[PDB]
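Listed below are the residues making up each chain.
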Amino acid sequence: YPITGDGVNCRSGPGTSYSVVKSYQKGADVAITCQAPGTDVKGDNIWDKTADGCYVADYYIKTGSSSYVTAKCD
Ligand SMILES: [Zn+2]
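As recorded in the entry header, the structure was determined using X-ray crystallography to a resolution of 1.500 Å.

In structure tokens, the structure reads:
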């Protein structure tokens, strides 16, 4: 799914307390392997684990939902 934020952090866990691993530019498109609850970002507290293995706040990914579109991370 595509990134909608203008430079979005990808963190080592589902929340803003976790270290930043890398970033994506707006219009990057990422594969989401699973989703996990975490810090609320503007009403969406889901975090999306990408194929890079780090988590992007779902607020900044265009999935057409503020809830789950994939399996919950185990
Ligand atoms: Zn995609």
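### Some details on the state of the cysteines
A covalent bond between the sulfur atoms of two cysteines is what we call a disulfide. Per the counting criterion, the structure on display carries two disulfides. In this model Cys10 forms its disulfide with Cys54; the gap between the sulfur atoms is 2.1 Å. Because the sign of the S-S torsion sets the handedness, a value of about 100° for the bond joining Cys10 and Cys54 places this disulfide among the right-handed ones. Taken as a pair, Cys10 in strand β1 (residues 8–11) and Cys54 in the loop between β4 (44–50) and β5 (55–57) lie far apart in primary sequence, 44 residues in all. The two residues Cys10 and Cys54 agree in class, both being buried. The residue that forms a disulfide with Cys34 is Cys73, at a sulfur-sulfur distance of 2.1 Å. For the disulfide bridge between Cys34 and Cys73, the dihedral angle about the S-S bond is near 95°, and by the sign convention the bridge is right-handed. With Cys34 in strand β3 (residues 32–41) and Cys73 in the segment after β5, this residue pair connects regions lying 39 residues apart in the sequence.

Cut-offs and rules
- Residues numbered from 1 in each chain as written, not as in the entry; some residues may be left out.
- Heavy atoms only, no water.
- Residues with missing side-chain atoms left out of burial classes, pairs and counts.
- Disulfide = S-S within 2.5 Å.
- Helix = DSSP H or I, 4+ residues; strand = E, 2+ residues; numbered from the N terminus.
- Buried < 20%, exposed > 50% of the residue type's maximum accessible area, 1.4 Å probe, protein only.

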